[PDB]
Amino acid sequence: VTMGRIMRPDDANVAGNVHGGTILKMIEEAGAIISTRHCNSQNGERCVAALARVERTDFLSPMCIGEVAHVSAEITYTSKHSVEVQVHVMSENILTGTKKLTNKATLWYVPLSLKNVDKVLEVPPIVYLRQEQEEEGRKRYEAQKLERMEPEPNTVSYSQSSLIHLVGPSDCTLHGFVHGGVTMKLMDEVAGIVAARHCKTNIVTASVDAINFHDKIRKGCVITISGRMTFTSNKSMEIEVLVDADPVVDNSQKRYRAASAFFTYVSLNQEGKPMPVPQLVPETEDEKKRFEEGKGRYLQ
């Protein structure tokens, strides 16, 4: 699968840097296609790939308005029930001929029966070229599968932000449920705002930390994305984003945590270089704890 979009002004901030989420949403659409295709290639029961996991990912070069984003997405492994997908995102400038690699990314998709909602299915095998690929896939397939068992300025409340979104039909999969990209894009929107509130300047997504997608969200759910700062290095900003879901339609289905992530953001020079960041000053018990966990995550 492959990639064409020319980045419009709506894909980017006022200073013309494309939003991290904008790229995240494209990556996912690519992944979602290649994987739903292949999960129906052996012609079992009809399914749809749903985004389950995304690996850490760093934004190498900025992308700008007018550049074409190229998105190539290959399947790298399968397990019994999961599909690994790696994705490369490259920015072509078509005036100067220049190219840069913006982004590598790895994703984990899982087929859900279209007939039986919530029924996981089996992922057909893929044909490799060497064993080392399958092993490297299995080691990475283990490494993820293990980790899954495990108001004052410059203060966290000053920049704290939340956003609320009613899930519409084009947010959703052909079935009632939301895309991974729709979610990831809304998360960046929030973290982005948190970051900007704090820095009081231009900002861009430098990196995103592994995400896991716990549960589905249905059409008509109103989802709330709340985001708050955790850590600051001299030149960066960690931001915890939490995503909750209320089904308003049902009295007997109670709110739940759909997903959560840490987003790192960068300030930028009017000239186009990362600048030093105003330092976050925790105050409560939990604030320093999270600031410390945030130094910890930031190292690894």
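Counting begins at 1, following the sequence as shown.
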> What number of deposited residues lacks coordinates in the span between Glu150 and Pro151: none, 1 to 3, 4 to 9, or 10 or more?
Replying inline: 10 or more
> Looking at the deposited entry, does 115-123 or 92-100 carry the larger mean Cα B-factor?
Replying inline: 115-123
> Comparing 74-82 with 163-171, where is the mean C-alpha B-factor higher?
Replying inline: 74-82
>> Among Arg37, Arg257, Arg53, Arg56, where is the Cα B factor highest in this entry?
In response: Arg37
> Hey, out of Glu28, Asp244, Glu271, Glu67, whose CA B-factor is highest in the deposited coordinates?
Replying inline: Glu271
> Sorting the chain's CA B-factors, does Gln133 end up in the lowest, middle or highest third?
Replying inline: highest
> C-alpha B factor of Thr230, ranked within the chain: lowest, middle or highest third?
Replying inline: middle
> Hey, what third does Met3 fall into on Cα B-factor, ranked over its chain?
Replying inline: highest
>> Is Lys219 in the lowest, middle or highest third of its chain when residues are ranked by C-alpha B-factor?
In response: lowest
> If you rank every modelled residue in this chain by C-alpha B factor, which third holds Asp209: lowest, middle or highest?
Replying inline: middle
